[PDB]
Amino acid sequence: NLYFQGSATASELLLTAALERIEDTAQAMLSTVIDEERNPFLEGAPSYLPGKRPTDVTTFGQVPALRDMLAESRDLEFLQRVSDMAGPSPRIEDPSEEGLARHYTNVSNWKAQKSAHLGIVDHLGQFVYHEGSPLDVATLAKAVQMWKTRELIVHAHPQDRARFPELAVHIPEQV
Ligand SMILES: [Cl-]
């Protein structure tokens, strides 16, 4: 309306082959974690299930890729990029039901982007995910989320690749 200026979000205008590949891979990893109940962060994608998992791997800290991303998620430069992508807190564009509807969506999306990583905190300000975190469906799904997040950051800012190195991911010869 007249005295209302909506908040805009950062975007990749085109679905380039690079971006599609990030998406397709992220999806495969999610499939690996949730469908296959396997860990795409270790060579051969071993199970994470008690009874099937590697005897000596039961926590985030015992998986190098996850120990790495845990540290990145505490990094100010990473968190800055997440804020840059998510943008500022959403501001309603129009004081109307349609405006409010769009605002709802903007707020959901913003929250979604802000917390798509392993460095988020609980209601007491403590990190939800740490080196002692179990490898399970929820924790690994979050790790895959962060994998996508860091790859989207690097696509947008290629020079950030040096800071957030490529990590090997392992998709079952099935998926
Ligand atoms: Cl507002």
# chains A, B, ... in the order shown; residues from 1 in each chain; ligands from 1
$ select_by_dssp --residues "chain A" --states "helix (DSSP H, G or I)" --output "PyMOL selection string"
chain A and resi 17-34+60-62+64-72+76-86+97-114+137-156+158-162
$ closest_atom_pairs --of "chain A" --to "ligand 1" --cutoff "12 Å" --atoms "only C-alpha atoms and all ligand atoms" --output "JSON lines"
{"residue": "A:4", "atom": "CA", "partner": "ligand 1", "partner_atom_place_in_ligand_line": "1 (Cl)", "distance": 9.1}
{"residue": "A:5", "atom": "CA", "partner": "ligand 1", "partner_atom_place_in_ligand_line": "1 (Cl)", "distance": 9.3}
{"residue": "A:6", "atom": "CA", "partner": "ligand 1", "partner_atom_place_in_ligand_line": "1 (Cl)", "distance": 8.2}
{"residue": "A:7", "atom": "CA", "partner": "ligand 1", "partner_atom_place_in_ligand_line": "1 (Cl)", "distance": 8.6}
{"residue": "A:88", "atom": "CA", "partner": "ligand 1", "partner_atom_place_in_ligand_line": "1 (Cl)", "distance": 10.8}
{"residue": "A:89", "atom": "CA", "partner": "ligand 1", "partner_atom_place_in_ligand_line": "1 (Cl)", "distance": 8.0}
{"residue": "A:90", "atom": "CA", "partner": "ligand 1", "partner_atom_place_in_ligand_line": "1 (Cl)", "distance": 6.2}
{"residue": "A:91", "atom": "CA", "partner": "ligand 1", "partner_atom_place_in_ligand_line": "1 (Cl)", "distance": 3.6}
{"residue": "A:92", "atom": "CA", "partner": "ligand 1", "partner_atom_place_in_ligand_line": "1 (Cl)", "distance": 4.7}
{"residue": "A:93", "atom": "CA", "partner": "ligand 1", "partner_atom_place_in_ligand_line": "1 (Cl)", "distance": 8.1}
{"residue": "A:94", "atom": "CA", "partner": "ligand 1", "partner_atom_place_in_ligand_line": "1 (Cl)", "distance": 9.7}
{"residue": "A:95", "atom": "CA", "partner": "ligand 1", "partner_atom_place_in_ligand_line": "1 (Cl)", "distance": 9.6}
{"residue": "A:99", "atom": "CA", "partner": "ligand 1", "partner_atom_place_in_ligand_line": "1 (Cl)", "distance": 10.7}
{"residue": "A:100", "atom": "CA", "partner": "ligand 1", "partner_atom_place_in_ligand_line": "1 (Cl)", "distance": 9.7}
{"residue": "A:102", "atom": "CA", "partner": "ligand 1", "partner_atom_place_in_ligand_line": "1 (Cl)", "distance": 11.6}
{"residue": "A:103", "atom": "CA", "partner": "ligand 1", "partner_atom_place_in_ligand_line": "1 (Cl)", "distance": 8.2}
{"residue": "A:104", "atom": "CA", "partner": "ligand 1", "partner_atom_place_in_ligand_line": "1 (Cl)", "distance": 10.6}
{"residue": "A:106", "atom": "CA", "partner": "ligand 1", "partner_atom_place_in_ligand_line": "1 (Cl)", "distance": 10.6}
{"residue": "A:107", "atom": "CA", "partner": "ligand 1", "partner_atom_place_in_ligand_line": "1 (Cl)", "distance": 9.8}
$ closest_atom_pairs --of "segment 60-154 of chain A" --to "segment 159-174 of chain A" --cutoff "9 Å" --atoms "only C-alpha atoms" --output "CSV"
residue,atom,partner,partner_atom,distance
A:65,CA,A:167,CA,6.6
A:69,CA,A:164,CA,8.6
A:72,CA,A:164,CA,7.5
A:77,CA,A:163,CA,9.0
A:78,CA,A:164,CA,8.5
A:147,CA,A:167,CA,8.6
A:150,CA,A:164,CA,7.0
A:151,CA,A:166,CA,8.4
A:153,CA,A:160,CA,7.5
A:154,CA,A:160,CA,5.5
$ closest_residue --among "A:12, A:1, A:140, A:116" --to "residue 41 of chain A" --atoms "only C-alpha atoms"
A:140
$ decode --residues "segment 74-174 of chain A" --atoms "C-alpha atoms" --output "PDB file, in the first residue's frame"
ATOM      1  CA  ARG A  74      29.842 -21.675  14.336  1.00  0.00           C
ATOM      2  CA  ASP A  75      31.755 -19.432  11.934  1.00  0.00           C
ATOM      3  CA  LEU A  76      30.673 -15.784  11.715  1.00  0.00           C
ATOM      4  CA  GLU A  77      31.433 -15.641   8.016  1.00  0.00           C
ATOM      5  CA  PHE A  78      29.146 -18.595   7.388  1.00  0.00           C
ATOM      6  CA  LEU A  79      26.371 -17.177   9.562  1.00  0.00           C
ATOM      7  CA  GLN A  80      26.735 -13.845   7.766  1.00  0.00           C
ATOM      8  CA  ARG A  81      26.180 -15.594   4.406  1.00  0.00           C
ATOM      9  CA  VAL A  82      23.110 -17.356   5.754  1.00  0.00           C
ATOM     10  CA  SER A  83      21.677 -13.988   6.813  1.00  0.00           C
ATOM     11  CA  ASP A  84      22.552 -12.548   3.422  1.00  0.00           C
ATOM     12  CA  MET A  85      20.646 -15.302   1.656  1.00  0.00           C
ATOM     13  CA  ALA A  86      17.690 -15.293   4.040  1.00  0.00           C
ATOM     14  CA  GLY A  87      17.676 -11.506   4.055  1.00  0.00           C
ATOM     15  CA  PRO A  88      16.425  -9.298   6.897  1.00  0.00           C
ATOM     16  CA  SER A  89      13.357 -10.022   9.017  1.00  0.00           C
ATOM     17  CA  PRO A  90      10.279  -9.911   6.752  1.00  0.00           C
ATOM     18  CA  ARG A  91       8.247  -6.706   6.634  1.00  0.00           C
ATOM     19  CA  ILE A  92       4.671  -6.785   5.410  1.00  0.00           C
ATOM     20  CA  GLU A  93       4.140  -5.224   1.972  1.00  0.00           C
ATOM     21  CA  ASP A  94       0.467  -4.391   2.295  1.00  0.00           C
ATOM     22  CA  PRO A  95      -1.854  -4.250   5.322  1.00  0.00           C
ATOM     23  CA  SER A  96      -4.377  -6.615   3.763  1.00  0.00           C
ATOM     24  CA  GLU A  97      -5.365 -10.278   3.956  1.00  0.00           C
ATOM     25  CA  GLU A  98      -3.436 -10.958   0.741  1.00  0.00           C
ATOM     26  CA  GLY A  99      -0.509  -9.003   2.167  1.00  0.00           C
ATOM     27  CA  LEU A 100      -0.705 -10.962   5.394  1.00  0.00           C
ATOM     28  CA  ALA A 101      -0.921 -14.260   3.537  1.00  0.00           C
ATOM     29  CA  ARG A 102       2.267 -13.402   1.653  1.00  0.00           C
ATOM     30  CA  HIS A 103       3.857 -12.241   4.894  1.00  0.00           C
ATOM     31  CA  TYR A 104       3.085 -15.614   6.492  1.00  0.00           C
ATOM     32  CA  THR A 105       4.915 -17.303   3.636  1.00  0.00           C
ATOM     33  CA  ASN A 106       7.826 -14.858   3.807  1.00  0.00           C
ATOM     34  CA  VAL A 107       8.248 -15.516   7.526  1.00  0.00           C
ATOM     35  CA  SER A 108       8.130 -19.319   7.159  1.00  0.00           C
ATOM     36  CA  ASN A 109      10.707 -19.179   4.354  1.00  0.00           C
ATOM     37  CA  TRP A 110      12.936 -16.806   6.308  1.00  0.00           C
ATOM     38  CA  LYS A 111      12.873 -19.033   9.408  1.00  0.00           C
ATOM     39  CA  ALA A 112      13.501 -22.047   7.168  1.00  0.00           C
ATOM     40  CA  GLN A 113      16.584 -20.465   5.608  1.00  0.00           C
ATOM     41  CA  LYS A 114      17.906 -19.030   8.892  1.00  0.00           C
ATOM     42  CA  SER A 115      17.964 -22.469  10.516  1.00  0.00           C
ATOM     43  CA  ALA A 116      19.092 -24.664   7.603  1.00  0.00           C
ATOM     44  CA  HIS A 117      22.411 -25.435   9.306  1.00  0.00           C
ATOM     45  CA  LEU A 118      24.094 -27.240  12.205  1.00  0.00           C
ATOM     46  CA  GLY A 119      24.784 -24.181  14.337  1.00  0.00           C
ATOM     47  CA  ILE A 120      21.281 -23.425  15.575  1.00  0.00           C
ATOM     48  CA  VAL A 121      20.510 -23.044  19.272  1.00  0.00           C
ATOM     49  CA  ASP A 122      17.742 -24.297  21.556  1.00  0.00           C
ATOM     50  CA  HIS A 123      15.481 -22.276  23.846  1.00  0.00           C
ATOM     51  CA  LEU A 124      18.348 -22.063  26.353  1.00  0.00           C
ATOM     52  CA  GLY A 125      20.815 -20.739  23.789  1.00  0.00           C
ATOM     53  CA  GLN A 126      22.697 -24.030  23.623  1.00  0.00           C
ATOM     54  CA  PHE A 127      23.788 -25.576  20.324  1.00  0.00           C
ATOM     55  CA  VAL A 128      21.356 -28.244  19.195  1.00  0.00           C
ATOM     56  CA  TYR A 129      24.049 -30.090  17.257  1.00  0.00           C
ATOM     57  CA  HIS A 130      27.572 -30.791  18.503  1.00  0.00           C
ATOM     58  CA  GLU A 131      30.390 -33.354  18.279  1.00  0.00           C
ATOM     59  CA  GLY A 132      28.546 -35.647  20.691  1.00  0.00           C
ATOM     60  CA  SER A 133      25.327 -35.596  18.652  1.00  0.00           C
ATOM     61  CA  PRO A 134      23.934 -38.995  17.624  1.00  0.00           C
ATOM     62  CA  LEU A 135      23.803 -40.041  14.005  1.00  0.00           C
ATOM     63  CA  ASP A 136      20.097 -40.488  13.383  1.00  0.00           C
ATOM     64  CA  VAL A 137      17.461 -39.494  10.838  1.00  0.00           C
ATOM     65  CA  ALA A 138      16.865 -35.985  12.238  1.00  0.00           C
ATOM     66  CA  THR A 139      20.477 -35.045  12.916  1.00  0.00           C
ATOM     67  CA  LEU A 140      21.671 -36.371   9.574  1.00  0.00           C
ATOM     68  CA  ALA A 141      18.783 -34.723   7.739  1.00  0.00           C
ATOM     69  CA  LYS A 142      19.913 -31.429   9.257  1.00  0.00           C
ATOM     70  CA  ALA A 143      23.472 -32.130   8.117  1.00  0.00           C
ATOM     71  CA  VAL A 144      22.211 -32.641   4.562  1.00  0.00           C
ATOM     72  CA  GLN A 145      20.315 -29.351   4.876  1.00  0.00           C
ATOM     73  CA  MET A 146      23.553 -27.642   5.770  1.00  0.00           C
ATOM     74  CA  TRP A 147      25.319 -29.339   2.893  1.00  0.00           C
ATOM     75  CA  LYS A 148      22.826 -27.736   0.531  1.00  0.00           C
ATOM     76  CA  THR A 149      23.120 -24.428   2.395  1.00  0.00           C
ATOM     77  CA  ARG A 150      26.906 -24.218   2.054  1.00  0.00           C
ATOM     78  CA  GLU A 151      26.768 -25.271  -1.598  1.00  0.00           C
ATOM     79  CA  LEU A 152      24.183 -22.555  -2.319  1.00  0.00           C
ATOM     80  CA  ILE A 153      26.447 -20.008  -0.601  1.00  0.00           C
ATOM     81  CA  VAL A 154      29.405 -21.055  -2.774  1.00  0.00           C
ATOM     82  CA  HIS A 155      27.323 -20.971  -5.940  1.00  0.00           C
ATOM     83  CA  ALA A 156      26.336 -17.401  -5.138  1.00  0.00           C
ATOM     84  CA  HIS A 157      29.858 -16.472  -4.014  1.00  0.00           C
ATOM     85  CA  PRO A 158      32.402 -18.792  -5.688  1.00  0.00           C
ATOM     86  CA  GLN A 159      35.331 -17.199  -3.798  1.00  0.00           C
ATOM     87  CA  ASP A 160      33.825 -18.664  -0.616  1.00  0.00           C
ATOM     88  CA  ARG A 161      34.790 -22.141  -1.838  1.00  0.00           C
ATOM     89  CA  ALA A 162      38.216 -21.713  -0.263  1.00  0.00           C
ATOM     90  CA  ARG A 163      36.503 -21.167   3.097  1.00  0.00           C
ATOM     91  CA  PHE A 164      33.909 -23.895   2.677  1.00  0.00           C
ATOM     92  CA  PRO A 165      35.758 -26.715   0.877  1.00  0.00           C
ATOM     93  CA  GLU A 166      34.065 -29.328  -1.236  1.00  0.00           C
ATOM     94  CA  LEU A 167      33.102 -32.316   0.851  1.00  0.00           C
ATOM     95  CA  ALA A 168      32.830 -35.830  -0.501  1.00  0.00           C
ATOM     96  CA  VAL A 169      29.314 -37.204  -0.400  1.00  0.00           C
ATOM     97  CA  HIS A 170      28.442 -40.843  -0.879  1.00  0.00           C
ATOM     98  CA  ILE A 171      25.240 -41.904  -2.575  1.00  0.00           C
ATOM     99  CA  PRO A 172      24.349 -45.623  -2.640  1.00  0.00           C
ATOM    100  CA  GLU A 173      24.664 -47.333  -6.027  1.00  0.00           C
ATOM    101  CA  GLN A 174      20.928 -47.842  -5.510  1.00  0.00           C
TER     102      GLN A 174
END
